[PDB]
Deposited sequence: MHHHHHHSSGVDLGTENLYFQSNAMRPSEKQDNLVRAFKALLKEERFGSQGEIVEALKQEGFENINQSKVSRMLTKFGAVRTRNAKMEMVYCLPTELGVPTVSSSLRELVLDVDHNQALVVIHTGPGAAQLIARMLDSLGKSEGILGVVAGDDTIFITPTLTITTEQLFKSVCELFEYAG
């Protein structure tokens, strides 16, 4: 079952047409993996070295290979809660991406950004909503969050 899930997952990446973690979860559920969830999908994206790429249809999508990869291609997910916008990236890319985001600053609604190895926390200024900040970050990275 696990070998089949890995094969199915990699095939979705090879199609170069899925743009978000939720899309991958839904595709796998439709294939029969009833217990699939975002936690499992996030672990697989990290484990198998998935990155994003702009396909020939101009869509930012996951793919399976990274010296020529761009920072934007290193973003794997953008999500949020009431207080923070959280980005997940490929291993060790969070710091580099956070450097760029914290340069955008308060005028763009970013009060501050802190990154871990593959996770970034973006906190908003009092003048922008977490949802608007979320929408702006999704636009910057072309992620269908």
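The chain's deposited sequence has unresolved stretches at 1-29, 95-100, with no C-alpha coordinates there.
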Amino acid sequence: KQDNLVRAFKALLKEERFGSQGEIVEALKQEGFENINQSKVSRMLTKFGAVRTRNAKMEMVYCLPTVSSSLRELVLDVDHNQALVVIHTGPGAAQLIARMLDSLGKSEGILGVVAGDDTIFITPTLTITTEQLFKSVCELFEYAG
From here on, numbers count along this sequence of modelled residues.
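Taking the mean C-alpha B-factor of each stretch as recorded, 133-141 and 120-128 are not equal, and the higher mean is that of 133-141. Taking the PDB entry as given, 92-100 carries the higher mean Cα B factor of the two stretches 92-100 and 76-84.
The residue among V41, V113, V61, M58 whose C-alpha atom has the highest B-factor in the PDB entry is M58.
Sort the modelled residues of the chain by CA B factor and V51 lands in the middle third. Compared with the other modelled residues of the chain, the Cα B-factor recorded for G109 ranks in the lowest third.
Among all modelled residues in its chain, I36 ranks in the highest third by Cα B-factor.
When the modelled residues of the chain are ordered by their C-alpha B factor, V67 lands in the highest third.
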